Amino acid sequence: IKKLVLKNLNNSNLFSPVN
Amino acid sequence: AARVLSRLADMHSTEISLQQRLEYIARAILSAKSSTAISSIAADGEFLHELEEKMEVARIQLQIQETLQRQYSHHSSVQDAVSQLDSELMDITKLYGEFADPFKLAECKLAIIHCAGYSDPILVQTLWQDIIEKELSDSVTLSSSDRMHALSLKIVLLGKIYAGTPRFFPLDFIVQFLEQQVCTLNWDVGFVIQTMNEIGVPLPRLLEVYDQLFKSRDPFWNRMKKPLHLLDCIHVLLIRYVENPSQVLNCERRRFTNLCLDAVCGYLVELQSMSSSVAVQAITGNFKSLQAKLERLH
Amino acid sequence: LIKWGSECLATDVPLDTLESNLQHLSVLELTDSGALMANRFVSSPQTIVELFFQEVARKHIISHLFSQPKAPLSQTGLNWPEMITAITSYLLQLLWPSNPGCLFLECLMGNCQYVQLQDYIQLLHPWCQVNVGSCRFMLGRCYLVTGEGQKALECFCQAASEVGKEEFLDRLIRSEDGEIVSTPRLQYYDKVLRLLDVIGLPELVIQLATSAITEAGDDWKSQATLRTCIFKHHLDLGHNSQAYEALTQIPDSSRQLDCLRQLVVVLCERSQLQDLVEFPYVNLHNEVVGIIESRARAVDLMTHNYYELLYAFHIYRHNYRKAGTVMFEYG
Amino acid sequence: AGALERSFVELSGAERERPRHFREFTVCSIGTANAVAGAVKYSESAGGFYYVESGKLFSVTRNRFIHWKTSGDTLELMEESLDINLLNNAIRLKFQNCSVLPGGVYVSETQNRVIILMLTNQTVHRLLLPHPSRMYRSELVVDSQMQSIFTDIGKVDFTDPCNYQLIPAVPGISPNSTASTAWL
Amino acid sequence: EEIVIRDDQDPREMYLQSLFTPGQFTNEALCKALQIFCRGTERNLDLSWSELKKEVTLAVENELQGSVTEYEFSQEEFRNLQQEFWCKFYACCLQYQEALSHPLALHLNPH
Amino acid sequence: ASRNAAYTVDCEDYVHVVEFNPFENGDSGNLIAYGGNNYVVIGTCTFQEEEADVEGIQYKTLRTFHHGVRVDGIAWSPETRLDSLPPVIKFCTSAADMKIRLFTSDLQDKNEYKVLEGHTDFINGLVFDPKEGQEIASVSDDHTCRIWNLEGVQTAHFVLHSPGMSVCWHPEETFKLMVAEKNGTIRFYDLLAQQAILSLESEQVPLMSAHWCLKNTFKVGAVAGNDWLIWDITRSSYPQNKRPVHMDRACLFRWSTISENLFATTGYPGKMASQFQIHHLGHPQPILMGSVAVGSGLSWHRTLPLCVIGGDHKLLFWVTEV
């Protein structure tokens with residue numbers, strides 16, 4: 001999808017191991 | 001063939017697994033351009049835009065995942081993120097929110113917003129700076145002549161889309177920012193004039209921009225030690241008009257030869273108030289040489 | 001004052017605030033000082049005397065000490081007792097309140113130390129009677145860079161009395177161009193008028209160039225460029241009657257053609273059409289008539305009343321005969 | 001000139017910089033892990049060295065010197081300069097299970113290397129560094145900040161038997177002697 | 001060892017002049033007084049003069065704020081508490097300037 | 001974007017300073033004073049926000065006083081009133097000749113004033129006795145604050161550690177004075193003990209202007225370098241709120257006449273226009289932004305959420321939300 005949506009509120013920690 | 005090339009371009013496009021299925025985009029584009037050249041059906045050209053729009057999003061996802069490999073390949077969840085920016089078609093929302101912000105890939109944020117659509121003055125002006133400063137960034141390896149040509153091709157291409165809609169093409173801001181870049185980078189004074197000429201910007205409205213940008217007396221040209229620069233731009237613009245008068249409509253040209261003489265008289269009053277350095281002397285000569293041609297164009 | 005300058009801290013000035021100040025100082029031609037850019041990677045605040053030592057006085061003190069060396073420089077050693085005592089002794093001479101070179105004040109001005117430069121000039125002024133014009137000029141540079149620009153103009157009008165006396169003022173007026181025809185005060189007024197337009201305080205350009213016209217009573221060249229500059233600044237703003245008189249004082253009969261061609265356009269394009277009509281102007285009666293007549297003979301008769309404007313002009317200029325021909329062509 | 005200089009004044013070098021970053025290196029003296037931790041507190045002490053070309057108007061060692069301070073297990077070292085600032089000059093050397101001898105630090109110049117000879121209550125050490133006229137290749141510096149001889153010390157093996165040695169218990173140190181001397 | 005402060009003077013100004021006057025104190029003394037007055041954990045205070053003044057004044061303000069236990073007080077009692085909490089910092093800086101002024105050797109260059 | 005002015009008025013000369021009357025003494029509450037290159041003008045402003053039978057604005061000149069020097073600063077006395085017979089217009093100004101002019105007028109055809117002399121460079125700030133009207137405090141680049149009576153005698157003074165840039169008198173504790181200095185310090189002084197009380201820092205030089213919140217006397221507000229700075233005297237010697245505001249440096253500060261969270265600030269005269277902003281402590285941004293040809297002074301209407309700024313032959317006015 002071309003449309004962009006910002007959502008800073010909930011992201012996944014890129015720098016980190018997965019739980 | 002399109003309904004199986006979609007089933008090799010839905011789930012299936014960069015690769016989003018990363019590298020073989022960009023051949024399937026470029027080959028589906030070749031097959032759809034071959035379909036429409038043999039049988040010009042609506043739907044096989046409607047599906048062609050789907051593929052060429054997918055092709056720039058595909059390149060943005062390649063710009064993301066290789067940049068994780070090239071910057072962050074010692075972090076554990078780059079293997080997770082590489083396997084994810086592999087397996088599926090990520091939209092512009094995922095590419096920004098899940099990858100380009102968490103890893104902080106500014107180069108890729110700039111790549112995403114170049115694609116993420118257009119909407120009215122402040123955001124439109126940011127996006128025209130983002131498009132100019134991306135093409136200035138990613139061309140850094142080339143010479144000034146090649147970087148002029150690349151930025152010309154970008155701004156001439158996108159200008160031929162948006163100049164028909166003056167909410168999305170802020171001409172006056174694009175001219176000021178490109179001339180502030182030329183003034184910084186030491187490119188040709190003919191450059192922004194060539195780019196706007198080759199978009200097809202009406203030369204009288206192009207003069208209304210440089211005229212008001214000079215009359216602003218902007219501290220930038222002073223701070224870059226080129227306080228004459230916009231008069232050299234106006235000279236090249238008006239000499240380009242004088243030695244190709246077809247660039248003004250055959251009814252309007254007489255109105256315009258007044259406005260050019262009226263303005264050249266103004267710039268000659270300005271110049272003759274300045275400290276009489278060799279540059280002020282030469283440009284006073286250039287503008288009187290231009291006057292002495294405009295006096296024959298009427 | 002030398003205790004105070006050796007204790008008083010220099011300000012944490014940004015590079016943006018320094019490169020702008022340098023491009024406002026090159027306007028005076030004072031400075032080969034591009035070397036100031038080379039060394040500002042410092043991990044500490046300095047005092048105003050330490051800043052002066054490192055970026056000015058050491059460059060002169062070590063030039064002086066090795067100007068006339070008493071043995072070949074490949075055979076001179078360094079003797080610490082003679083070196084430190086002589087360096088501190090010449091730094092004291094370069095900080096002495098009567099020193100005619102002004103180099104300390106110029107270092108503070110160049111490094112944007114514009115608060116410490118007011119307080120230093122103020123601790124000096126009640127009792128020192130040297131560099132007084134240089135001090136009011138550099139206090140005027142403080143008052144410009146604090147936005148107190150109307151005090152700065154009065155400090156330049158004070159310092160103008162002392163040009164032709166102090167090496168810093170008599171340095172400030174210098175050029176490579178050799179048409180030495182103007183007065184030292186007119187050279188100083190041009191150097192300050194350049195500064196006031198490069199800052200862009202047009203009140204002070206108008207007021208100072210009016211105060212320069214009395215010390216510029218003959219030259220014709222500079223009168224014509226300066227009065228063109230006064231005319232322009234009045235008209236840039238809106239002072240259309242003050243633009244008028246500053247223009248009628250222009251002796252260059254060619255500039256008085258081009259200055260009208262700005263005024264008539266700007267009055268039309270502000271729609272200030274009464275200013276344009278009563279208007280005694282001098283010279284260009286024919287050129288204004290030719291512009292209106294050529295415009296009238298090109299435009300549509302029911303879209304712009306140019307023939308009634310030209311009639312009203314010829315009537316008010318007591319030229320009923322040309323008013324009649326204009327109305328007959330119109331009918 | 002001169003006079004007869006009948007008195008002098010002290011000035012501090014009380015610099016208003018951020019606290020000079022002493023790069024700390026642990027001298028893991030192999031074999032000292034059998035020591036009994038009844039550590040002999042000596043006094044602290046300091047010292048210094050000058051280059052043999054430091055007084056010459058056209059030397060790459062002009063107005064440069066080396067100085068040091070000592071406490072407990074620790075030796076601190078710098079190079080200083082009146083002419084051009086010296087990047088990475090500050091270092092600290094820290095002798096495992098030892099204690100430094102007060103004044104047990106000596107410096108020797110050579111036409112290729114500076115060599116620093118150091119003594120603890122259990123180990124002697126030889127550090128080697130480049131001489132400035134082997135770092136730099138010119139009677140012209142253009143750099144407004146120079147590197148110190150100490151910059152590259154993170155490449156030295158402090159466990160090399162050519163550089164470190166355990167002091168032999170026969171003949172053995174006279175108990176609680178600070179005094180030594182070291183040379184080339 | 002003690003500073004004279006007049007009844008036309010603020011005690012915070014007089015102590016913040018003296019503490020930061022060139023060559024009275026070292027950054028190495030001021031940071032040790034600050035670490036211990038703040039009763040702190042291992043802060044590596046890599047601070048400039050224009051950073052260090054702020055952590056010094058805020059440390060004294062947090063301790064002074066820690067002393068005002070009632071809701072109504074005089075300007076006289078405030079100036080007394082202000083002068084105590086600054087002297088209580090200054091004497092700590094002075095003891096760390098002693099312990100860094102102590103002499104360890106001479107050094108001479110015969111070249 | 002900028003907001004256009006809500007209202008505009010044109011002048012005999014350039015305007016360099018403008019201040020409204022802050023006092024409620026006998027129908028004087030809509031008086032305005034402003035200064036040019038030769039004079040001071042006194043007039044009134046009525047607005048549609050106060051008189052419902054007025055469209056937009058009614059400006060009215062009451063008297064111009066021509067004194068042959070620039071006006072650099074203005075302060076009103078609390079004695080100023082229109083209910084009396086004759087009226088009483090009482091104010092003072094600073095001027096380029098390094099002097100204070102005390103004006104008292106019954107609105108007759110007059111040009112009468114008393115001069116006070118003894119500052120030794122320019123005079124940045126003036127304030128009356130805010131309650132009885134019988135003295136004037138004054139700050140100058142001569143490193144002094146000075147108190148003067150109506151008889152023209154200097155009655156007390158304080159020496160400063162830079163030029164004195166701003167001064168404010170307390171309206172209830174009328175023995176307390178605030179001063180602000182170019183060095184970045186703000187000090188409080190006692191007029192009966194003739195001593196200092198406490199001080200505050202900007203972290204920033206130069207300090208250009210400061211103001212005391214006469215709707216909450218614990219709040220101080222100023223501009224220094226590129227920031228606006230706000231303190232609370234019940235807490236700390238440093239600015240509890242600090243924000244960068246203007247690129248071209250910052251010049252003036254004024255708290256609102258009516259609201260202890262509303263204030264305005266100017267930049268420098270940027271080549272063709274001074275920029276200005278209105279700020280609100282509830283907001284992360286300015287609520288109004290404006291731009292004026294050589295824009296000069298800064299003041300607030302006594303009763304409206306309305307501010308005034310002078311400039312090129314004009315006064316210009318803006319209304320704001322709260």
# chains A, B, ... in the order shown; residues from 1 in each chain; ligands from 1
>>> closest_atom_pairs(of="chain A", to="chain B", cutoff="6 Å", atoms="only C-alpha atoms", output="tab-separated table")
residue	atom	partner	partner_atom	distance
A:1	CA	B:91	CA	4.3
A:2	CA	B:92	CA	5.7
A:4	CA	B:93	CA	4.4
A:5	CA	B:93	CA	4.7
A:14	CA	B:102	CA	5.0
A:17	CA	B:77	CA	5.9
>>> write_last_selection(atoms="N, CA and C atoms", output="PDB file, in the first residue's frame")
ATOM      1  N   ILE A   1       0.792  -1.251   0.000  1.00  0.00           N
ATOM      2  CA  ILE A   1       0.000   0.000   0.000  1.00  0.00           C
ATOM      3  C   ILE A   1       0.794   1.254   0.000  1.00  0.00           C
ATOM      4  N   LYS A   2       0.421   2.175  -0.908  1.00  0.00           N
ATOM      5  CA  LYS A   2       1.080   3.429  -1.123  1.00  0.00           C
ATOM      6  C   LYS A   2       0.897   4.342   0.053  1.00  0.00           C
ATOM      7  N   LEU A   4       0.726   6.047   3.672  1.00  0.00           N
ATOM      8  CA  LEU A   4       1.648   5.940   4.773  1.00  0.00           C
ATOM      9  C   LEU A   4       0.961   6.308   6.049  1.00  0.00           C
ATOM     10  N   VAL A   5       1.249   5.564   7.137  1.00  0.00           N
ATOM     11  CA  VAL A   5       0.662   5.892   8.399  1.00  0.00           C
ATOM     12  C   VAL A   5       1.731   5.882   9.452  1.00  0.00           C
ATOM     13  N   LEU A  14      13.365  -2.360  17.564  1.00  0.00           N
ATOM     14  CA  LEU A  14      14.166  -3.086  16.684  1.00  0.00           C
ATOM     15  C   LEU A  14      15.379  -3.566  17.497  1.00  0.00           C
ATOM     16  N   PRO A  17      16.228  -8.444  21.497  1.00  0.00           N
ATOM     17  CA  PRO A  17      15.824  -9.786  21.195  1.00  0.00           C
ATOM     18  C   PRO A  17      14.341  -9.878  21.340  1.00  0.00           C
TER      19      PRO A  17
END
>>> select_by_dssp(residues="region 15-149 of chain D", states="alpha helix (DSSP H)", output="short mmCIF file (atom, residue, chain, number, x, y, z; two decimals) with N, CA, C and O atoms, in the first residue's frame")
data_model
loop_
_atom_site.label_atom_id
_atom_site.label_comp_id
_atom_site.auth_asym_id
_atom_site.auth_seq_id
_atom_site.Cartn_x
_atom_site.Cartn_y
_atom_site.Cartn_z
N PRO D 132 59.29 11.78 18.42
CA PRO D 132 58.51 12.67 17.55
C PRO D 132 59.11 12.84 16.14
O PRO D 132 58.37 12.75 15.17
N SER D 133 60.44 12.91 16.00
CA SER D 133 61.14 12.91 14.70
C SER D 133 61.21 11.55 13.97
O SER D 133 62.01 11.35 13.05
N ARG D 134 60.36 10.59 14.38
CA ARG D 134 59.97 9.38 13.63
C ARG D 134 58.46 9.26 13.38
O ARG D 134 58.08 8.57 12.45
N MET D 135 57.63 9.93 14.18
CA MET D 135 56.20 10.10 13.90
C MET D 135 56.03 11.08 12.73
O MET D 135 55.50 10.74 11.67
#
>>> select_by_dssp(residues="region 86-257 of chain F", states="strand (DSSP E or B)", output="ChimeraX atom specification")
/F:88-95,99-105,113-116,125-128,135-139,144-149,154-159,164-169,176-181,185-190,195-201,207-212,219-224,227-232,241-244,250-255
>>> interface_residues(of="chain E", to="chain D", cutoff="6 Å", atoms="only C-alpha atoms", output="list in words")
residues 23, 26, 46, 47, 48, 104, 105, 107, 109 and 111 of chain E
>>> write_last_selection(atoms="C-alpha atoms", output="mmCIF file, in the first residue's frame")
data_model
loop_
_atom_site.group_PDB
_atom_site.id
_atom_site.type_symbol
_atom_site.label_atom_id
_atom_site.label_comp_id
_atom_site.auth_asym_id
_atom_site.auth_seq_id
_atom_site.Cartn_x
_atom_site.Cartn_y
_atom_site.Cartn_z
ATOM 1 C CA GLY E 23 42.753 29.733 39.088
ATOM 2 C CA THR E 26 40.533 23.217 39.738
ATOM 3 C CA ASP E 46 32.972 15.037 32.510
ATOM 4 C CA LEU E 47 31.798 18.718 32.738
ATOM 5 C CA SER E 48 32.898 22.122 31.319
ATOM 6 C CA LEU E 104 55.332 15.779 45.026
ATOM 7 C CA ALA E 105 58.549 16.861 43.110
ATOM 8 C CA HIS E 107 61.089 19.348 37.349
ATOM 9 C CA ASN E 109 64.775 21.594 31.757
ATOM 10 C CA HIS E 111 67.946 23.021 27.565
#
>>> residues_around(residues="residue 300 (chain F)", least_positions_apart="2", cutoff="10 Å", atoms="only C-alpha atoms", output="PyMOL selection string")
chain F and resi 18-22+254-258+263-264+298+302-309+317-319
>>> write_last_selection(atoms="N, CA, C and O atoms", output="mmCIF file, in the first residue's frame")
data_model
loop_
_atom_site.group_PDB
_atom_site.id
_atom_site.type_symbol
_atom_site.label_atom_id
_atom_site.label_comp_id
_atom_site.auth_asym_id
_atom_site.auth_seq_id
_atom_site.Cartn_x
_atom_site.Cartn_y
_atom_site.Cartn_z
ATOM 1 N N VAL F 18 5.847 52.657 22.525
ATOM 2 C CA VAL F 18 4.417 52.791 22.844
ATOM 3 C C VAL F 18 4.085 52.042 24.139
ATOM 4 O O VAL F 18 4.514 50.902 24.306
ATOM 5 N N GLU F 19 3.314 52.665 25.038
ATOM 6 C CA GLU F 19 2.776 52.052 26.265
ATOM 7 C C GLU F 19 1.343 52.541 26.571
ATOM 8 O O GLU F 19 1.058 53.747 26.589
ATOM 9 N N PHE F 20 0.433 51.605 26.859
ATOM 10 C CA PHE F 20 -0.895 51.902 27.416
ATOM 11 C C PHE F 20 -0.804 52.399 28.870
ATOM 12 O O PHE F 20 0.149 52.094 29.587
ATOM 13 N N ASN F 21 -1.824 53.124 29.335
ATOM 14 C CA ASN F 21 -1.989 53.428 30.756
ATOM 15 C C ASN F 21 -2.434 52.169 31.537
ATOM 16 O O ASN F 21 -3.516 51.649 31.260
ATOM 17 N N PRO F 22 -1.676 51.686 32.542
ATOM 18 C CA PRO F 22 -2.065 50.516 33.329
ATOM 19 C C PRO F 22 -3.089 50.826 34.442
ATOM 20 O O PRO F 22 -3.641 49.900 35.036
ATOM 21 N N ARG F 254 6.811 41.421 27.578
ATOM 22 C CA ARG F 254 5.708 41.937 28.416
ATOM 23 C C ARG F 254 4.744 40.819 28.829
ATOM 24 O O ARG F 254 4.142 40.178 27.962
ATOM 25 N N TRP F 255 4.526 40.645 30.133
ATOM 26 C CA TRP F 255 3.370 39.913 30.666
ATOM 27 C C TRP F 255 2.067 40.619 30.288
ATOM 28 O O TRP F 255 2.029 41.845 30.190
ATOM 29 N N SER F 256 0.995 39.848 30.123
ATOM 30 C CA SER F 256 -0.346 40.397 29.954
ATOM 31 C C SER F 256 -0.800 41.134 31.215
ATOM 32 O O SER F 256 -0.743 40.616 32.330
ATOM 33 N N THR F 257 -1.347 42.323 30.991
ATOM 34 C CA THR F 257 -2.136 43.144 31.923
ATOM 35 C C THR F 257 -3.248 42.392 32.650
ATOM 36 O O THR F 257 -3.621 42.810 33.744
ATOM 37 N N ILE F 258 -3.779 41.300 32.085
ATOM 38 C CA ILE F 258 -4.970 40.604 32.600
ATOM 39 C C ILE F 258 -4.768 39.120 32.950
ATOM 40 O O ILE F 258 -5.588 38.574 33.687
ATOM 41 N N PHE F 263 1.771 36.208 27.714
ATOM 42 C CA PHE F 263 2.836 37.201 27.529
ATOM 43 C C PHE F 263 3.236 37.326 26.055
ATOM 44 O O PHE F 263 2.874 36.487 25.231
ATOM 45 N N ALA F 264 3.968 38.381 25.706
ATOM 46 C CA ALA F 264 4.437 38.644 24.346
ATOM 47 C C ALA F 264 5.935 38.987 24.320
ATOM 48 O O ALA F 264 6.477 39.493 25.306
ATOM 49 N N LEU F 298 6.653 47.425 22.785
ATOM 50 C CA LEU F 298 5.691 46.346 23.030
ATOM 51 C C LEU F 298 4.843 46.709 24.255
ATOM 52 O O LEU F 298 5.411 46.946 25.319
ATOM 53 N N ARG F 302 -4.899 47.662 28.944
ATOM 54 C CA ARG F 302 -5.223 47.550 30.370
ATOM 55 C C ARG F 302 -6.292 46.495 30.705
ATOM 56 O O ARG F 302 -6.169 45.839 31.740
ATOM 57 N N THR F 303 -7.313 46.333 29.860
ATOM 58 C CA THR F 303 -8.484 45.462 30.102
ATOM 59 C C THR F 303 -8.723 44.385 29.042
ATOM 60 O O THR F 303 -9.324 43.361 29.375
ATOM 61 N N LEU F 304 -8.235 44.545 27.808
ATOM 62 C CA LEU F 304 -8.411 43.548 26.739
ATOM 63 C C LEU F 304 -7.228 42.570 26.592
ATOM 64 O O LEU F 304 -6.082 42.930 26.865
ATOM 65 N N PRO F 305 -7.456 41.354 26.045
ATOM 66 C CA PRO F 305 -6.401 40.475 25.533
ATOM 67 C C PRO F 305 -5.870 41.007 24.185
ATOM 68 O O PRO F 305 -5.967 40.351 23.146
ATOM 69 N N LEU F 306 -5.354 42.235 24.201
ATOM 70 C CA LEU F 306 -4.983 43.022 23.028
ATOM 71 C C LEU F 306 -3.602 43.647 23.262
ATOM 72 O O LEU F 306 -3.389 44.284 24.291
ATOM 73 N N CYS F 307 -2.662 43.467 22.336
ATOM 74 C CA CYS F 307 -1.327 44.071 22.401
ATOM 75 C C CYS F 307 -1.090 45.089 21.277
ATOM 76 O O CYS F 307 -1.737 45.033 20.229
ATOM 77 N N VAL F 308 -0.163 46.024 21.507
ATOM 78 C CA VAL F 308 0.235 47.083 20.565
ATOM 79 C C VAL F 308 1.750 47.106 20.370
ATOM 80 O O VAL F 308 2.517 46.894 21.316
ATOM 81 N N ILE F 309 2.163 47.361 19.130
ATOM 82 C CA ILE F 309 3.552 47.529 18.685
ATOM 83 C C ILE F 309 3.567 48.705 17.690
ATOM 84 O O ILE F 309 2.666 48.827 16.859
ATOM 85 N N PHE F 317 -2.077 46.847 16.178
ATOM 86 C CA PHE F 317 -2.739 46.204 17.315
ATOM 87 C C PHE F 317 -3.208 44.778 16.974
ATOM 88 O O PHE F 317 -3.750 44.542 15.893
ATOM 89 N N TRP F 318 -3.076 43.833 17.910
ATOM 90 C CA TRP F 318 -3.525 42.438 17.756
ATOM 91 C C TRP F 318 -4.348 41.970 18.955
ATOM 92 O O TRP F 318 -3.914 42.114 20.092
ATOM 93 N N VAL F 319 -5.490 41.328 18.689
ATOM 94 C CA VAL F 319 -6.313 40.619 19.688
ATOM 95 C C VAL F 319 -5.952 39.126 19.697
ATOM 96 O O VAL F 319 -5.667 38.549 18.641
#
>>> interface_residues(of="chain C", to="chain D", cutoff="10 Å", atoms="only C-alpha atoms", output="JSON, numbers by chain")
{"C": [38, 39, 41, 42, 43, 44, 45, 46, 73, 74, 75, 76, 77, 78, 79, 80, 81, 82, 83, 85, 86]}
>>> write_last_selection(atoms="N, CA, C and O atoms", output="mmCIF file, in the first residue's frame")
data_model
loop_
_atom_site.group_PDB
_atom_site.id
_atom_site.type_symbol
_atom_site.label_atom_id
_atom_site.label_comp_id
_atom_site.auth_asym_id
_atom_site.auth_seq_id
_atom_site.Cartn_x
_atom_site.Cartn_y
_atom_site.Cartn_z
ATOM 1 N N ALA C 38 40.687 28.698 12.450
ATOM 2 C CA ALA C 38 41.547 27.509 12.485
ATOM 3 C C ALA C 38 41.613 26.768 13.838
ATOM 4 O O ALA C 38 41.960 25.583 13.862
ATOM 5 N N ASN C 39 41.326 27.450 14.955
ATOM 6 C CA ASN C 39 41.745 26.986 16.291
ATOM 7 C C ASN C 39 40.616 26.813 17.326
ATOM 8 O O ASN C 39 40.892 26.333 18.419
ATOM 9 N N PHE C 41 38.521 24.675 18.257
ATOM 10 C CA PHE C 41 38.386 23.394 18.966
ATOM 11 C C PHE C 41 39.090 23.450 20.338
ATOM 12 O O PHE C 41 40.169 22.883 20.520
ATOM 13 N N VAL C 42 38.470 24.155 21.290
ATOM 14 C CA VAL C 42 38.962 24.383 22.662
ATOM 15 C C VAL C 42 37.971 23.790 23.670
ATOM 16 O O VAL C 42 36.764 23.954 23.516
ATOM 17 N N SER C 43 38.465 23.103 24.704
ATOM 18 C CA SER C 43 37.640 22.356 25.677
ATOM 19 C C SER C 43 37.326 23.132 26.970
ATOM 20 O O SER C 43 36.981 22.525 27.987
ATOM 21 N N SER C 44 37.514 24.455 26.966
ATOM 22 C CA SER C 44 37.479 25.346 28.136
ATOM 23 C C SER C 44 37.018 26.761 27.766
ATOM 24 O O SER C 44 37.306 27.218 26.657
ATOM 25 N N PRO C 45 36.376 27.498 28.693
ATOM 26 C CA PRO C 45 36.252 28.942 28.566
ATOM 27 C C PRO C 45 37.612 29.603 28.815
ATOM 28 O O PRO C 45 38.381 29.188 29.687
ATOM 29 N N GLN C 46 37.874 30.680 28.086
ATOM 30 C CA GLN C 46 39.037 31.550 28.265
ATOM 31 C C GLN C 46 38.592 32.883 28.881
ATOM 32 O O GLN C 46 37.406 33.206 28.868
ATOM 33 N N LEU C 73 68.556 32.209 13.262
ATOM 34 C CA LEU C 73 67.425 31.490 13.876
ATOM 35 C C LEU C 73 67.649 29.967 14.010
ATOM 36 O O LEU C 73 67.047 29.315 14.853
ATOM 37 N N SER C 74 68.565 29.398 13.221
ATOM 38 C CA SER C 74 69.046 28.011 13.350
ATOM 39 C C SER C 74 70.131 27.819 14.427
ATOM 40 O O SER C 74 70.676 26.725 14.561
ATOM 41 N N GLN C 75 70.464 28.872 15.178
ATOM 42 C CA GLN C 75 71.460 28.894 16.257
ATOM 43 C C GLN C 75 70.924 29.521 17.558
ATOM 44 O O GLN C 75 71.495 29.283 18.619
ATOM 45 N N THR C 76 69.823 30.279 17.512
ATOM 46 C CA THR C 76 69.101 30.736 18.710
ATOM 47 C C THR C 76 68.398 29.571 19.412
ATOM 48 O O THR C 76 67.544 28.904 18.821
ATOM 49 N N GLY C 77 68.730 29.356 20.686
ATOM 50 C CA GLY C 77 67.917 28.553 21.601
ATOM 51 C C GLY C 77 66.802 29.375 22.257
ATOM 52 O O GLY C 77 66.777 30.601 22.141
ATOM 53 N N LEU C 78 65.897 28.702 22.966
ATOM 54 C CA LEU C 78 64.852 29.323 23.785
ATOM 55 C C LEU C 78 65.276 29.355 25.260
ATOM 56 O O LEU C 78 65.486 28.308 25.865
ATOM 57 N N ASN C 79 65.373 30.551 25.840
ATOM 58 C CA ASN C 79 65.692 30.775 27.253
ATOM 59 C C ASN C 79 64.417 31.212 27.990
ATOM 60 O O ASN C 79 63.948 32.330 27.775
ATOM 61 N N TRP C 80 63.831 30.337 28.812
ATOM 62 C CA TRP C 80 62.519 30.534 29.439
ATOM 63 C C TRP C 80 62.427 31.843 30.241
ATOM 64 O O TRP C 80 61.534 32.618 29.908
ATOM 65 N N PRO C 81 63.348 32.177 31.175
ATOM 66 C CA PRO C 81 63.322 33.448 31.906
ATOM 67 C C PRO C 81 63.257 34.701 31.020
ATOM 68 O O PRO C 81 62.451 35.589 31.286
ATOM 69 N N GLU C 82 64.033 34.773 29.931
ATOM 70 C CA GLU C 82 63.945 35.904 28.992
ATOM 71 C C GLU C 82 62.683 35.850 28.118
ATOM 72 O O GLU C 82 62.117 36.897 27.810
ATOM 73 N N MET C 83 62.228 34.659 27.722
ATOM 74 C CA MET C 83 61.058 34.497 26.854
ATOM 75 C C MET C 83 59.749 34.831 27.571
ATOM 76 O O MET C 83 58.997 35.659 27.066
ATOM 77 N N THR C 85 59.141 36.455 30.461
ATOM 78 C CA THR C 85 59.165 37.847 30.932
ATOM 79 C C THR C 85 58.930 38.822 29.778
ATOM 80 O O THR C 85 58.120 39.735 29.908
ATOM 81 N N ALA C 86 59.565 38.608 28.617
ATOM 82 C CA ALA C 86 59.354 39.457 27.446
ATOM 83 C C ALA C 86 57.954 39.290 26.826
ATOM 84 O O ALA C 86 57.362 40.278 26.401
#
>>> atom_distance(atom1="CA of residue 238 (chain B)", atom2="CA of residue 290 (chain B)")
7.5 Å
>>> residues_around(residues="residue 42 (chain D)", least_positions_apart="5", cutoff="10 Å", atoms="only C-alpha atoms", output="count of residues only")
9
>>> residues_around(residues="region 199-214 of chain C", least_positions_apart="6", cutoff="6 Å", atoms="only C-alpha atoms", output="list in words")
residues 193 and 230 of chain C; 271 of chain F
>>> write_last_selection(atoms="C-alpha atoms", output="PDB file, in the first residue's frame")
ATOM      1  CA  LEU C 193      26.243  53.207   5.412  1.00  0.00           C
ATOM      2  CA  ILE C 230      18.412  57.564   0.062  1.00  0.00           C
TER       3      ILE C 230
ATOM      4  CA  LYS F 271      16.011  43.871   7.403  1.00  0.00           C
TER       5      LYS F 271
END
>>> interface_residues(of="chain C", to="chain B", cutoff="12 Å", atoms="only C-alpha atoms", output="ChimeraX atom specification")
/C:16-28,175-177,190-191,193-194,197-200,221-233,236,252,254-266,291,294-295,298-299
